[PDB]
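Participant: Sharing query-v6.tsv, TSV, C-alpha atoms:
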chain	number	residue	atom	x	y	z
L	1	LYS	CA	-6.52	35.02	4.04
L	2	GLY	CA	-5.75	31.33	4.69
L	3	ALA	CA	-2.30	29.95	5.67
L	4	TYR	CA	-1.85	28.76	1.99
L	5	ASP	CA	-1.69	32.48	0.90
L	6	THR	CA	-0.14	34.12	4.06
L	7	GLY	CA	2.42	31.35	4.88
L	8	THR	CA	1.53	31.85	8.61
L	9	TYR	CA	0.06	28.94	10.67
L	10	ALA	CA	-2.03	29.49	13.86
L	11	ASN	CA	-0.20	28.01	16.91
L	12	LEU	CA	-3.24	27.74	19.22
L	13	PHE	CA	-1.10	26.15	22.00
L	14	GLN	CA	0.97	29.39	22.04
L	15	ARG	CA	-2.19	31.60	21.80
L	16	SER	CA	-3.54	29.71	24.90
L	17	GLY	CA	-0.29	30.72	26.73
L	18	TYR	CA	1.97	27.58	26.39
L	19	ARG	CA	5.73	28.18	25.72
L	20	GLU	CA	7.20	27.52	22.20
L	21	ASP	CA	9.70	25.05	23.77
L	22	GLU	CA	7.02	23.11	25.77
L	23	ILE	CA	5.13	22.75	22.40
L	24	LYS	CA	8.04	21.57	20.13
L	25	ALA	CA	9.06	18.96	22.80
L	26	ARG	CA	5.45	17.73	23.37
L	27	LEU	CA	5.13	17.29	19.54
L	28	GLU	CA	8.58	15.55	19.27
L	29	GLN	CA	7.59	13.30	22.25
L	30	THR	CA	4.16	12.53	20.62
L	31	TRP	CA	6.06	11.33	17.46
L	32	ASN	CA	8.62	9.30	19.54
L	33	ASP	CA	5.84	7.46	21.50
L	34	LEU	CA	3.92	6.53	18.31
L	35	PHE	CA	6.80	5.48	16.05
L	36	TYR	CA	9.37	4.16	18.61
L	37	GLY	CA	7.28	3.83	21.79
L	38	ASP	CA	6.61	0.79	24.01
L	39	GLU	CA	4.33	-2.25	23.27
L	40	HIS	CA	1.18	-0.51	24.73
L	41	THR	CA	1.65	2.87	22.91
L	42	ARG	CA	3.38	2.52	19.47
L	43	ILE	CA	1.33	1.90	16.25
L	44	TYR	CA	4.32	2.00	13.81
L	45	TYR	CA	6.30	-1.27	13.23
L	46	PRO	CA	9.40	-1.43	10.99
L	47	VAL	CA	9.93	-4.50	8.66
L	48	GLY	CA	13.26	-5.54	7.02
L	49	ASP	CA	15.54	-2.80	5.54
L	50	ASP	CA	12.92	-0.84	3.52
L	51	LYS	CA	9.31	-1.42	4.81
L	52	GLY	CA	6.97	-0.57	7.73
L	53	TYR	CA	3.24	-0.56	8.60
L	54	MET	CA	0.74	1.34	10.77
L	55	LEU	CA	-1.11	-1.37	12.77
L	56	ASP	CA	-4.90	-1.02	13.41
L	57	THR	CA	-4.47	-2.53	16.92
L	58	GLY	CA	-8.23	-3.07	17.53
L	59	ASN	CA	-8.81	-5.07	14.28
L	60	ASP	CA	-5.25	-6.62	14.17
L	61	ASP	CA	-4.69	-5.65	10.48
L	62	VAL	CA	-3.06	-2.93	8.29
L	63	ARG	CA	-5.50	-0.50	6.59
L	64	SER	CA	-4.92	1.79	3.58
L	65	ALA	CA	-6.24	4.74	5.72
L	66	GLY	CA	-3.63	4.02	8.48
L	67	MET	CA	-0.73	3.60	6.01
L	68	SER	CA	-1.68	6.91	4.28
L	69	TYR	CA	-2.18	8.50	7.77
L	70	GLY	CA	1.35	7.44	8.84
L	71	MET	CA	2.77	8.83	5.53
L	72	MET	CA	1.10	12.27	6.16
L	73	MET	CA	2.41	12.41	9.81
L	74	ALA	CA	5.92	11.54	8.52
L	75	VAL	CA	6.03	14.20	5.71
L	76	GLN	CA	4.61	16.84	8.17
L	77	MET	CA	7.39	15.89	10.70
L	78	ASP	CA	10.14	15.78	7.97
L	79	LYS	CA	10.76	12.00	8.56
L	80	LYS	CA	11.64	10.62	5.06
L	81	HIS	CA	12.91	7.20	6.37
L	82	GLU	CA	9.57	6.26	8.04
L	83	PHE	CA	7.65	7.81	5.07
L	84	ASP	CA	9.65	5.69	2.54
L	85	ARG	CA	9.27	2.52	4.71
L	86	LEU	CA	5.44	3.04	4.83
L	87	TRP	CA	5.21	3.97	1.09
L	88	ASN	CA	7.29	0.86	0.08
L	89	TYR	CA	4.89	-1.40	2.11
L	90	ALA	CA	1.75	0.18	0.54
L	91	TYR	CA	3.24	0.12	-3.02
L	92	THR	CA	4.58	-3.48	-2.60
L	93	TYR	CA	1.65	-5.28	-0.86
L	94	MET	CA	-1.51	-3.13	-1.27
L	95	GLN	CA	-1.46	-1.41	-4.75
L	96	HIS	CA	-3.19	-3.43	-7.56
L	97	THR	CA	-1.15	-3.80	-10.82
L	98	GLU	CA	-4.15	-5.09	-12.92
L	99	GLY	CA	-7.97	-5.60	-12.88
L	100	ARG	CA	-10.96	-3.37	-11.97
L	101	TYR	CA	-8.90	-1.83	-9.05
L	102	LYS	CA	-5.65	-1.13	-11.03
L	103	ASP	CA	-3.59	1.58	-9.17
L	104	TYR	CA	-6.02	1.50	-6.18
L	105	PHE	CA	-4.84	-0.14	-2.89
L	106	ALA	CA	-6.52	-3.06	-1.07
L	107	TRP	CA	-8.09	-1.35	1.99
L	108	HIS	CA	-6.66	-3.94	4.48
L	109	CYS	CA	-4.08	-6.77	4.68
L	110	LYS	CA	-2.34	-8.95	7.30
L	111	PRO	CA	0.83	-7.33	8.77
L	112	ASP	CA	2.94	-9.80	6.62
L	113	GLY	CA	1.33	-8.10	3.53
L	114	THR	CA	-1.32	-10.79	2.68
L	115	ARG	CA	-4.42	-9.06	1.20
L	116	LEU	CA	-7.63	-9.83	3.20
L	117	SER	CA	-9.99	-8.00	0.75
L	118	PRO	CA	-9.46	-6.16	-2.59
L	119	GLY	CA	-12.19	-3.57	-1.67
L	120	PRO	CA	-10.44	-0.14	-1.72
L	121	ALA	CA	-11.31	2.87	0.53
L	122	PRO	CA	-11.26	6.39	-1.09
L	123	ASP	CA	-10.14	7.61	2.40
L	124	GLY	CA	-6.72	5.98	1.80
L	125	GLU	CA	-6.14	6.97	-1.89
L	126	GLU	CA	-6.76	10.76	-1.38
L	127	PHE	CA	-4.33	10.77	1.64
L	128	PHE	CA	-1.65	8.70	-0.23
L	129	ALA	CA	-1.91	11.28	-3.09
L	130	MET	CA	-1.66	14.39	-0.79
L	131	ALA	CA	1.29	12.94	1.25
L	132	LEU	CA	3.10	11.92	-2.03
L	133	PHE	CA	2.59	15.47	-3.47
L	134	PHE	CA	4.01	16.88	-0.16
L	135	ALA	CA	7.00	14.42	-0.15
L	136	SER	CA	7.81	15.54	-3.76
L	137	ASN	CA	7.75	19.25	-2.75
L	138	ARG	CA	9.79	18.79	0.50
L	139	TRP	CA	12.33	16.13	-0.66
L	140	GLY	CA	12.06	15.71	-4.47
L	141	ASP	CA	11.56	12.70	-6.76
L	142	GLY	CA	13.93	9.70	-6.75
L	143	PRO	CA	13.65	6.48	-8.82
L	144	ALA	CA	10.37	4.48	-8.76
L	145	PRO	CA	8.71	3.80	-6.46
L	146	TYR	CA	10.01	7.06	-4.82
L	147	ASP	CA	9.08	9.22	-7.87
L	148	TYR	CA	6.53	10.80	-5.46
L	149	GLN	CA	4.80	13.18	-7.95
L	150	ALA	CA	4.17	10.55	-10.71
L	151	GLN	CA	2.94	8.08	-7.98
L	152	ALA	CA	0.47	10.73	-6.68
L	153	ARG	CA	-0.74	11.59	-10.25
L	154	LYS	CA	-1.21	7.89	-11.19
L	155	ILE	CA	-3.42	7.34	-8.06
L	156	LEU	CA	-5.58	10.47	-8.82
L	157	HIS	CA	-5.80	9.42	-12.53
L	158	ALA	CA	-7.33	6.07	-11.38
L	159	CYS	CA	-9.62	7.94	-8.90
L	160	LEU	CA	-11.31	9.81	-11.83
L	161	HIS	CA	-10.78	7.50	-14.89
L	162	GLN	CA	-10.97	3.87	-13.57
L	163	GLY	CA	-14.31	3.38	-15.53
L	164	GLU	CA	-12.67	4.07	-18.94
L	165	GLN	CA	-9.64	1.77	-18.27
L	166	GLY	CA	-11.84	-1.41	-18.21
L	167	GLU	CA	-14.65	-2.90	-16.02
L	168	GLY	CA	-13.86	-0.73	-12.90
L	169	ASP	CA	-15.44	2.50	-11.48
L	170	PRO	CA	-13.99	5.85	-10.27
L	171	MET	CA	-14.06	6.98	-6.57
L	172	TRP	CA	-15.73	10.30	-7.52
L	173	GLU	CA	-19.30	10.45	-8.98
L	174	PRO	CA	-18.67	12.53	-12.17
L	175	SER	CA	-22.20	14.13	-12.21
L	176	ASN	CA	-21.97	15.79	-8.71
L	177	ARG	CA	-18.10	15.84	-8.18
L	178	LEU	CA	-18.51	13.99	-4.80
L	179	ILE	CA	-16.22	11.21	-3.41
L	180	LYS	CA	-18.03	7.86	-2.86
L	181	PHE	CA	-17.97	5.45	0.10
L	182	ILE	CA	-16.69	2.76	-2.33
L	183	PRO	CA	-16.44	2.90	-6.17
L	184	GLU	CA	-19.57	0.68	-6.75
L	185	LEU	CA	-22.16	2.28	-4.34
L	186	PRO	CA	-24.20	5.49	-4.91
L	187	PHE	CA	-23.66	7.29	-1.53
L	188	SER	CA	-20.89	8.95	0.52
L	189	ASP	CA	-19.05	9.21	3.90
L	190	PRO	CA	-18.77	12.91	5.02
L	191	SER	CA	-15.36	12.36	6.79
L	192	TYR	CA	-13.86	11.35	3.35
L	193	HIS	CA	-14.57	14.91	1.99
L	194	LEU	CA	-11.31	16.96	1.99
L	195	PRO	CA	-11.95	20.18	-0.04
L	196	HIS	CA	-8.57	21.50	1.27
L	197	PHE	CA	-6.74	18.49	-0.43
L	198	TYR	CA	-8.79	18.85	-3.70
L	199	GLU	CA	-7.63	22.55	-3.86
L	200	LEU	CA	-3.99	21.30	-3.92
L	201	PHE	CA	-4.91	18.42	-6.35
L	202	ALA	CA	-6.24	21.22	-8.62
L	203	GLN	CA	-2.61	22.47	-8.68
L	204	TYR	CA	-0.50	19.25	-8.61
L	205	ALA	CA	-2.56	16.57	-10.47
L	206	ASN	CA	-2.56	15.87	-14.25
L	207	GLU	CA	-3.54	19.10	-16.12
L	208	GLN	CA	-6.62	17.46	-17.75
L	209	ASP	CA	-8.13	16.78	-14.22
L	210	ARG	CA	-7.33	20.19	-12.55
L	211	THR	CA	-10.69	21.86	-13.49
L	212	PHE	CA	-12.52	18.79	-12.01
L	213	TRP	CA	-10.57	18.93	-8.67
L	214	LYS	CA	-11.42	22.68	-8.34
L	215	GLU	CA	-15.19	21.88	-8.74
L	216	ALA	CA	-14.79	18.90	-6.31
L	217	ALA	CA	-13.36	21.30	-3.63
L	218	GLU	CA	-16.31	23.72	-4.21
L	219	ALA	CA	-18.73	20.67	-4.25
L	220	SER	CA	-17.39	19.09	-0.99
L	221	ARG	CA	-17.82	22.41	0.93
L	222	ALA	CA	-21.49	22.55	-0.22
L	223	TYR	CA	-21.88	18.81	0.69
L	224	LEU	CA	-20.63	19.23	4.29
L	225	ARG	CA	-23.18	22.08	4.78
L	226	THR	CA	-25.99	19.52	3.92
L	227	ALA	CA	-24.38	16.56	5.83
L	228	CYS	CA	-23.67	18.30	9.21
L	229	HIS	CA	-26.65	18.76	11.59
L	230	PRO	CA	-27.65	22.47	11.65
L	231	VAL	CA	-28.26	22.43	15.49
L	232	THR	CA	-25.84	19.84	17.04
L	233	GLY	CA	-23.15	19.95	14.26
L	234	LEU	CA	-22.81	16.10	14.25
L	235	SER	CA	-22.71	14.28	10.86
L	236	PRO	CA	-23.64	10.66	10.10
L	237	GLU	CA	-20.88	8.11	9.27
L	238	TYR	CA	-22.54	7.38	5.84
L	239	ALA	CA	-24.72	9.99	4.04
L	240	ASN	CA	-26.62	10.12	0.70
L	241	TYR	CA	-25.49	12.59	-2.05
L	242	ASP	CA	-28.19	15.05	-0.71
L	243	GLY	CA	-26.61	14.97	2.80
L	244	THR	CA	-29.34	12.93	4.61
L	245	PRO	CA	-28.06	9.85	6.52
L	246	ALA	CA	-27.64	6.81	4.16
L	247	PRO	CA	-29.85	3.71	4.72
L	248	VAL	CA	-28.80	0.97	7.23
L	249	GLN	CA	-26.23	-1.26	5.43
L	250	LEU	CA	-25.76	-5.06	5.72
L	251	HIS	CA	-22.52	-4.46	7.76
L	252	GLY	CA	-24.23	-1.98	10.19
L	253	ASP	CA	-26.15	1.26	11.01
L	254	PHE	CA	-23.92	4.22	9.94
L	255	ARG	CA	-26.68	6.92	10.32
L	256	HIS	CA	-25.30	8.13	13.72
L	257	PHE	CA	-22.32	10.13	15.11
L	258	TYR	CA	-19.48	7.59	15.57
L	259	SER	CA	-15.72	6.95	14.82
L	260	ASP	CA	-15.81	7.86	11.03
L	261	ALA	CA	-17.77	11.18	11.46
L	262	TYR	CA	-15.33	12.54	14.16
L	263	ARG	CA	-12.79	13.37	11.37
L	264	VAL	CA	-15.38	15.82	9.81
L	265	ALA	CA	-14.89	18.52	12.53
L	266	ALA	CA	-11.08	18.34	12.05
L	267	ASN	CA	-11.40	18.25	8.18
L	268	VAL	CA	-13.62	21.43	8.30
L	269	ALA	CA	-11.24	23.19	10.79
L	270	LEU	CA	-8.11	22.58	8.60
L	271	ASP	CA	-9.84	23.72	5.36
L	272	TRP	CA	-10.71	27.01	7.19
L	273	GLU	CA	-7.10	27.34	8.57
L	274	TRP	CA	-5.63	26.77	5.00
L	275	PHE	CA	-8.15	28.53	2.66
L	276	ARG	CA	-10.64	30.72	4.77
L	277	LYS	CA	-13.24	30.14	1.97
L	278	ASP	CA	-16.53	29.25	3.81
L	279	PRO	CA	-17.59	31.24	6.94
L	280	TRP	CA	-20.18	28.49	7.77
L	281	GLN	CA	-17.06	26.47	8.83
L	282	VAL	CA	-16.68	28.76	11.93
L	283	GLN	CA	-20.31	28.24	13.11
L	284	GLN	CA	-20.06	24.45	12.34
L	285	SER	CA	-16.91	24.37	14.57
L	286	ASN	CA	-18.73	26.50	17.24
L	287	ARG	CA	-21.74	24.05	17.16
L	288	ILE	CA	-19.79	20.77	17.74
L	289	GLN	CA	-17.66	22.33	20.58
L	290	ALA	CA	-20.90	23.80	22.08
L	291	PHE	CA	-22.45	20.26	21.88
L	292	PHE	CA	-19.55	18.59	23.80
L	293	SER	CA	-18.61	21.40	26.34
L	294	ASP	CA	-20.81	19.94	29.18
L	295	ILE	CA	-19.84	16.25	28.46
L	296	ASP	CA	-16.86	14.36	30.01
L	297	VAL	CA	-14.53	12.48	27.55
L	298	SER	CA	-15.20	9.29	29.63
L	299	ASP	CA	-19.01	9.83	29.25
L	300	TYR	CA	-18.82	10.25	25.39
L	301	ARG	CA	-21.38	7.97	23.60
L	302	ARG	CA	-22.84	7.20	20.19
L	303	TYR	CA	-25.33	10.03	19.39
L	304	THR	CA	-28.03	10.44	16.74
L	305	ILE	CA	-27.09	13.47	14.54
L	306	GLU	CA	-30.01	15.16	16.49
L	307	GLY	CA	-27.92	14.90	19.73
L	308	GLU	CA	-29.93	11.95	21.18
L	309	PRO	CA	-27.35	9.89	23.13
L	310	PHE	CA	-27.21	6.02	23.03
L	311	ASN	CA	-26.38	3.84	26.11
L	312	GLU	CA	-23.31	2.61	24.10
L	313	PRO	CA	-20.00	4.42	24.94
L	314	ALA	CA	-17.82	5.89	22.12
L	315	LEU	CA	-15.19	3.29	21.10
L	316	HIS	CA	-12.52	6.01	20.51
L	317	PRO	CA	-13.27	8.80	23.06
L	318	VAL	CA	-9.70	10.31	22.87
L	319	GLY	CA	-10.11	10.41	19.03
L	320	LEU	CA	-13.35	12.42	19.54
L	321	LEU	CA	-11.75	14.87	22.07
L	322	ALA	CA	-8.82	15.27	19.60
L	323	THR	CA	-11.18	16.17	16.67
L	324	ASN	CA	-13.27	18.55	18.93
L	325	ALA	CA	-10.03	20.32	20.03
L	326	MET	CA	-8.89	20.50	16.32
L	327	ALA	CA	-12.13	22.42	15.52
L	328	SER	CA	-10.50	25.32	17.56
L	329	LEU	CA	-8.69	26.26	14.29
L	330	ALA	CA	-12.16	27.60	13.08
L	331	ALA	CA	-14.25	28.07	16.32
L	332	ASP	CA	-14.19	31.54	18.00
L	333	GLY	CA	-16.89	30.73	20.63
L	334	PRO	CA	-16.55	30.42	24.45
L	335	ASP	CA	-15.32	26.76	24.43
L	336	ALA	CA	-12.30	26.99	22.00
L	337	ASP	CA	-9.56	27.63	24.65
L	338	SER	CA	-11.09	24.99	27.00
L	339	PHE	CA	-10.68	22.27	24.31
L	340	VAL	CA	-7.07	23.42	23.51
L	341	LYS	CA	-6.18	23.18	27.26
L	342	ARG	CA	-8.19	19.91	27.69
L	343	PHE	CA	-6.31	18.36	24.71
L	344	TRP	CA	-2.92	19.52	26.13
L	345	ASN	CA	-3.58	17.61	29.44
L	346	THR	CA	-4.74	14.43	27.58
L	347	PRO	CA	-2.00	11.79	27.07
L	348	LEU	CA	-1.81	9.25	24.21
L	349	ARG	CA	-4.18	6.27	24.61
L	350	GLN	CA	-2.54	2.90	25.43
L	351	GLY	CA	-3.85	-0.63	24.91
L	352	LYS	CA	-5.77	-2.64	22.29
L	353	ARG	CA	-8.05	0.19	20.93
L	354	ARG	CA	-5.34	2.93	20.84
L	355	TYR	CA	-4.72	3.06	17.02
L	356	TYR	CA	-7.54	5.43	15.82
L	357	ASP	CA	-7.41	7.57	19.00
L	358	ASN	CA	-3.62	8.06	18.58
L	359	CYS	CA	-3.75	8.89	14.80
L	360	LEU	CA	-6.47	11.59	15.32
L	361	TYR	CA	-4.59	12.74	18.50
L	362	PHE	CA	-1.37	13.28	16.46
L	363	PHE	CA	-3.04	15.28	13.58
L	364	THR	CA	-4.57	17.55	16.29
L	365	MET	CA	-1.11	17.92	17.99
L	366	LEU	CA	0.37	18.91	14.54
L	367	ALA	CA	-2.51	21.34	13.70
L	368	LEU	CA	-2.80	22.96	17.21
L	369	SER	CA	1.03	23.61	17.27
L	370	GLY	CA	0.79	25.13	13.73
L	371	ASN	CA	2.62	22.20	12.07
L	372	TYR	CA	-0.07	20.68	9.73
L	373	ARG	CA	1.08	22.67	6.68
L	374	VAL	CA	0.88	22.89	2.87
L	375	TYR	CA	4.31	22.05	1.32
L	376	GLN	CA	4.46	23.91	-2.03
L	377	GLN	CA	6.58	24.22	-5.28
Could you render the structure from this file as structure tokens?
Facilitator:
Amino acid sequence: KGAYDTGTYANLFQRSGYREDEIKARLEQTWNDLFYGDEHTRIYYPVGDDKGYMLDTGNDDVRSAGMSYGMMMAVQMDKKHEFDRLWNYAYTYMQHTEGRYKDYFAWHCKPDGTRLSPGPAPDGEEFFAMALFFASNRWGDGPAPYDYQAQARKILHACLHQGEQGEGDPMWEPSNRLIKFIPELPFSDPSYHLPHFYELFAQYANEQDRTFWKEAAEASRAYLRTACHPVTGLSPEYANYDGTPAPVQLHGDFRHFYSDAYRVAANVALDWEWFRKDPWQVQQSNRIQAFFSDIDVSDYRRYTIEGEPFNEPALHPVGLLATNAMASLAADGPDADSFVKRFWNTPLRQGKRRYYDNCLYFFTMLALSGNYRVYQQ
């Protein structure tokens, strides 16, 4: 049975031999460096009395995915103040109050809150909704905008019914129950697929949508089986609804294993840890760890999903090690302990490109200490 049914979370740091005190301190020190660390390490920045943002340091903006990432880290760590500062910023500056994107969030803005593009990212919305459901269960609803449950339900309403409310489109294709790359375009991004979160949406969302979310969870597990390479285990950044890599886009070639697709291995690992529903998840985890066992973090590259390496180095190599180590939740092969130990001796990234590395790093630190949990009731 999964951790959702048993209430028991795998502490793989402790299984690998590390002491419970070493682990709780490492995790408290990983939070302290990210939220209150120095200029070269921190990614969280407080604003006024009641707002804060997660800075994408590489791109010098604030992204709906980062905000929603920060809000999940905060509710997992029982840090309501940082959560509420992040949620106020997202609510205040990013959420649309009218138009084709009503109740969606602008995917990026300037740190002062100036929208740079109204284009939303389903990535962000599904994470805002899961963190807000968790905040409600851990802390309980206050006045708007901190009526966490109603905020979560209103986002997931828009995600399924935007088309009916006017000239907009939903973030799930109703025919196949699959999340889209953006509302307007007929393909997907495998790293956006979170069957584990849809399971909990099927419990906590508006009653009329709960049957849909259950089918979406079932549908996303099937999808990831068609999207992930059967030999190497690598997925493309953008894929078609049939799981083949999506055509080259005007903004770039997303058919290869890069930044976006790293989150897949971690997404698969946590669904297995929570729900134990698809045994394929174990072999998928075994495959990606098997693929990367012989490769140094500093030698990580772009790869075709066929394992063909490019000359180009990975932009976020600590992010990729983090997601490979997270796959140890599902993997039971000969490389699982190596990745847990490797991860433990990897510090936080510093510098200009540290944002994505350090987010993925932290979710792995949570999950490998047994601290990425479902908060119920």
Participant: Just to confirm, what's the straight-line distance from atom CA of residue 200 of chain L to atom CA of residue 123 of chain L in Å (one decimal)?
Facilitator: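 Computing it gives 16.3 Å between the two atoms.
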Participant: Between atom CA of residue 54 of chain L and atom CA of residue 260 of chain L, measure the distance and give it in Å to one decimal.
Facilitator: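 Taking atom CA of residue 54 of chain L and atom CA of residue 260 of chain L, their separation equals 17.8 Å.
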Participant: From the set L:196, L:169, L:91, L:187, which residue has the shortest atom-to-atom contact distance to residue 144 of chain L, counting only C-alpha atoms?
Facilitator: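 Ranked by minimum distance to residue 144 of chain L, first place goes to L:91.
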Participant: Of the residues L:352, L:153, L:287, L:26, which is the one nearest to residue 336 of chain L, using all atoms listed in the file?
Facilitator: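 Once distances to residue 336 of chain L are computed over all atoms listed in the file, the minimum belongs to L:287.
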Participant: Just the residues within 9 Å of segment 9-16 of chain L, please, counting only C-alpha atoms, with nothing from its chain fewer than 5 positions along; format it as a PyMOL selection string.
Facilitator: chain L and resi 2-4+23+273-274+328-329+337+340-341+344+367-373
Participant: Which one of L:320, L:179, L:67, L:374 sits closest to residue 7 of chain L if you count only C-alpha atoms?
Facilitator: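 Of the candidates, the smallest distance to residue 7 of chain L is held by L:374.
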Participant: In terms of the shortest atom-to-atom distance over all atoms listed in the file, which of L:315, L:330, L:73, L:228 is closest to residue 276 of chain L?
Facilitator: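 Closest to residue 276 of chain L of all the choices is L:330.
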Participant: Using all atoms listed in the file for the distances, tell me which of L:173, L:38, L:253, L:61 is nearest to residue 238 of chain L.
Facilitator: L:253
Participant: Calculated over all atoms listed in the file, which of the candidates L:198, L:31, L:258, L:107 has the smallest distance to residue 78 of chain L?
Facilitator: L:31
Participant: Any idea what the distance is between atom CA of residue 349 of chain L and atom CA of residue 309 of chain L?
Facilitator: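 Taking atom CA of residue 349 of chain L and atom CA of residue 309 of chain L, their separation equals 23.5 Å.
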Participant: When you look at residue 102 of chain L with a cut-off of 12 Å (counting all atoms listed in the file), what residues show up, excluding the ones that are within fewer than 2 positions of it in the same chain? I need them as number ranges by chain.
Facilitator: L: 94-100, 104-106, 118-120, 154-159, 161-170
Participant: List as a PyMOL selection string the residues having at least one atom at most 10 Å from position (-16.4, 26.8, 3.4) as given in the file, counting all atoms listed in the file.
Facilitator: chain L and resi 195-196+217-218+220-222+224-225+268-269+271-272+275-282+284
Participant: Need the axis-aligned box for segment 341-360 of chain L with 5 Å each side, so what are the centre and edges in Å to one decimal, as AutoDock Vina command-line options?
Facilitator:
--center_x -5.0 --center_y 10.3 --center_z 22.1 --size_x 16.4 --size_y 35.8 --size_z 24.6
Participant: Would you list the contacts of residue 146 of chain L as a PyMOL selection string, taking every protein, DNA or RNA residue within 10 Å and counting all atoms listed in the file, but skipping same-chain residues closer than 2 positions in sequence?
Facilitator: chain L and resi 84+87-88+91+132+135-136+140-144+148-151
Participant: List as a list in words the residues having at least one atom at most 9 Å from position (-10.8, 22.4, -8.3) as given in the file, counting only C-alpha atoms.
Facilitator: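 Neighbouring residues, ordered by chain and number, come to residues 195, 198, 199, 200, 201, 202, 203, 209, 210, 211, 212, 213, 214, 215, 216, 217 and 218 of chain L.
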Participant: Neighbours of residue 27 of chain L within 9 Å (all atoms listed in the file; same-chain residues fewer than 6 positions away dropped), as a ChimeraX atom specification?
Facilitator: /L:362,365-366,369
